[PDB]
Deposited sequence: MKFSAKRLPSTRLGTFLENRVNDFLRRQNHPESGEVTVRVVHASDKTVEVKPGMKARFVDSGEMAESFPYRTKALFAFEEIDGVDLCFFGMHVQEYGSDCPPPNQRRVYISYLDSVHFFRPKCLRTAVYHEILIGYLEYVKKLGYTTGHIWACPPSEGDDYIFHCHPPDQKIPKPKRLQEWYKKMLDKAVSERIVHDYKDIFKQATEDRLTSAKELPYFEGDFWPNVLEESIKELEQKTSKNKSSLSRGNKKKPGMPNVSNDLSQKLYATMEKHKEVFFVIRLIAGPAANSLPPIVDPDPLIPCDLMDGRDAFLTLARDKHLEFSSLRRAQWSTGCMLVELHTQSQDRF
């Protein structure tokens, strides 16, 4: 096709990921694998606003910024199977640069990732997912991002993060299996000396000596900002007849209850982390309404009856997805 994955415009980030993946596959020399293309298909600037409860408590008193700028990116990976492109992996990320106020400075957060399980061969599928995620971590570490953040959260039964209508036999992993999948990825990144270490959110808070909710990173659509609003509302209902840091107390209790699902990934440790030059992303903005957040691509798939529920339909929906991205 003139409208194929390869023909999408290149980026430094996407070239870096696809090089790392195809290096890995060539080394495996499995006769069923195909070439992998990776493309960034959206990049734009955004802000995340501190919600009303935290704003009244921290923003209005001058203690915390009112909002946090970031860049969002969407990227997708494609394999050649029978000479045709199959989109098999997608990811949306938020990147908070060196200009961003604390506590968000130099952090990346994975918003959503997703897959369609037809990568060939099956036995290298997980490895390839891992290479993409490790590659992203390596890449942002080199720009000078110091910390990665993952919320391990499977989609609900019958729901789709990125790709509309998954195969009926592609199973959603249970939380513990997913948590182990991320640990396996992160142990490999640690052994390649990309990741220095990683910690659950609770342990990390304790080790950073977090004494106020304002010190907690505040991301778009993440669990912690909602938690903080519900906790402030609970606290404000309290009265006491006659004869503080109570938010912090509740945050800690909630962090401990859920610590296993929130990964804090240190990419740059020690004094190296404190003398860094400004983060400069060499890649340009990529406006693309279709891939600005997850919803627009889910809608278009529904409208045009695109489905990722078999090899043939996913190959079909990849082709139409590509048509649409050159087209728009």
*Where does the model have holes with respect to the deposited sequence?*
244-259, 345-349
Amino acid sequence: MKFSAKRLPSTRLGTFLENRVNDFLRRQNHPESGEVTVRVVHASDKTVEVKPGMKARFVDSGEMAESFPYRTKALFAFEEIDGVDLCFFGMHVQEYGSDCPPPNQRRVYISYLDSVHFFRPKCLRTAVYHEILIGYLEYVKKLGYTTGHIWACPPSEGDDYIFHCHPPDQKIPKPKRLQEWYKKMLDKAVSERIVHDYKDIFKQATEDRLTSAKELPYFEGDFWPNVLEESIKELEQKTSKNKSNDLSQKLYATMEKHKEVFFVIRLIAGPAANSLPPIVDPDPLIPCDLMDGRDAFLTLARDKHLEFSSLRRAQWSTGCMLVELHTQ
From here on, numbers count along this sequence of modelled residues.
*Got a sec? Mean C-alpha B-factor, which is higher, 257-265 or 293-301?*
293-301
*asked:* Per the record, averaged over C-alpha atoms, which has the higher B-factor: 270-278 or 23-31?
replied: 270-278
_Take the CA temperature factors straight from the PDB entry and tell me which of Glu230, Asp222, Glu180, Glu207 peaks._
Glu207
_Out of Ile132, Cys123, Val190, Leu216, highest CA B-factor residue_ = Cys123
*C-alpha B factor of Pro155, ranked within the chain: lowest, middle or highest third?*
middle
*Which third of the chain holds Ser240 when residues are ordered by C-alpha B factor: lowest, middle or highest?*
middle
*How does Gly90 rank on Cα B-factor within its chain, lowest, middle or highest third?*
lowest
*Sorting the chain's CA B-factors, does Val84 end up in the lowest, middle or highest third?*
highest
*Determine, from the deposited record, the chain-internal third of the Cα B-factor for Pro175: lowest, middle or highest.*
middle
